[PDB]
Amino acid sequence: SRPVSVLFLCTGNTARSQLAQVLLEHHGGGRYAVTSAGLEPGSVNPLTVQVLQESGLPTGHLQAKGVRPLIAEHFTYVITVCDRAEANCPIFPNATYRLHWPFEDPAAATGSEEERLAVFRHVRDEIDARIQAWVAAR
């Protein structure tokens, strides 16, 4: 049985959408074909990598990538993980369902590395929870 296609959509594809991609890869297994992309791609935040690796989740395949090369693709679910109020939080044209799971931008948090890592861990855990519940309802 072929997998359900999911695009996690964000601003820079550096944090929330990368966390979501890896967490759905983990909890969903082969049931989902998972992509993440951003409107204005940056670079995966090192704290994104750190908090995933702390959980034993691999990150070597993560790359910040733009949504423009995907504009002709269709996804059964497009799940926007930036707040629509954020600048460069985009919309995607080809989807069956558009879900909006705004999460706090962990990369916007300030303070020491340890204080920022705490925010990244909190957002990781929130995304993890939402993904577990979403997979379980299917």
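In the block above lies the structure referred to throughout.
In this report, we go over the structure that sits alongside the text. (Residues numbered from 1 in each chain as written, not as in the entry; some residues may be left out. Heavy atoms only, no water.)

## Quick word on the overall build of the protein chain
Item 1. Along the protein chain, the regular secondary structure elements total three helices and four strands.
Item 2. Along the protein chain, helices (α) and strands (β) appear in the sequence β-α-β-α-β-β-α when read from the amino end.
Item 3. A compact globule built from 138 residues would reach a C-alpha radius of gyration of about 14 Å, and the protein chain, at 14 Å, matches this within 12%.
Item 4. Scored against the burial criterion, the 138 residues of the protein chain give a buried share of 44%.
Item 5. Residue pairs in contact within the protein chain that sit at least 24 positions apart in sequence constitute 68% of those at least 6 positions apart. (Helix = DSSP H or I, 4+ residues; strand = E, 2+ residues; numbered from the N terminus. Rg over C-alpha atoms; globule rule 2.2 N^0.38 Å. Buried < 20%, exposed > 50% of the residue type's maximum accessible area, 1.4 Å probe, protein only. Contact = heavy atoms within 4.5 Å.)

## Some words on the sheet that holds strand β4 (residues 95–100)
Item 1. Spatially, four strands are ordered β2-β1-β3-β4 in an open sheet, and the strand pairing comes out parallel. Two strands in the sheet have a free side with no partner beyond their single neighbour: β2 (32–38) and β4. On average, each strand axis in the sheet is inclined to that of its neighbour by 20°, with strand direction left out of account.
Item 2. With seven bridges joining them, strand β1 (residues 4–10) and β2 adopt parallel strand pairing. Residue pairing across strands places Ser-5 opposite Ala-33, the latter belonging to β2.
Item 3. Each of β1 and β2 is contacted by helix α1 (residues 16–28), which is oriented at about 175° to β2, the strand it contacts most. (Pairing = 2+ DSSP bridges. Axes fitted to C-alpha atoms, helices over the stretch in contact; angles between N-to-C directions.)

## Some thoughts on the state of the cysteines
Item 1. Scanning the model with the defined rule gives one disulfide in all.
Item 2. No disulfide involves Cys-10; its sulfur sits 4.6 Å from the nearest other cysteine sulfur, which is in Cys-82.
Item 3. A relative accessible area of 2% means that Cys-10 is categorised as buried. (Disulfide = S-S within 2.5 Å.)

## Observations concerning the environment of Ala-118
Item 1. Looking at the secondary structure, you find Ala-118 in helix α3 (residues 113–136).
Item 2. C-alpha separation for the pair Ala-118 and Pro-106, spaced twelve residues apart in sequence, amounts to 9.2 Å.

## Some words on the packing of helix α2 (residues 46–54) against α3
Item 1. Axis separation between α2 and α3 bottoms out at 9 Å; the angle between their running directions is 60°. As judged from the angle between their axes, α2 and α3 are oblique. The two elements α2 and α3 meet at a crossing, and its hand is right-handed. The residues of α3 that touch α2, namely those facing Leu-47, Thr-48, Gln-50, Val-51 and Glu-54, are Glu-113, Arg-116, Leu-117, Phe-120, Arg-121 and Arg-124.
Item 2. Tallied by class, residues from the contact of α2 with α3 come to four nonpolar, two polar and five charged. (Parallel < 35°, antiparallel > 145°, perpendicular 65-115°, else oblique. Left-handed = near helix turned anticlockwise from the far one by under 90°. Nonpolar A, V, L, I, M, F, W, Y, C, P; charged D, E, K, R; others polar.)

## A closer look at the pairing of β2
Item 1. The element β2 is largely enclosed, with a buried count of five among its seven residues.
Item 2. In this view, the connection linking β1 to its parallel neighbour β2 by way of α1 has right-handed handedness. (Right-handed = clockwise from strand over helix to strand, strands pointing away.)

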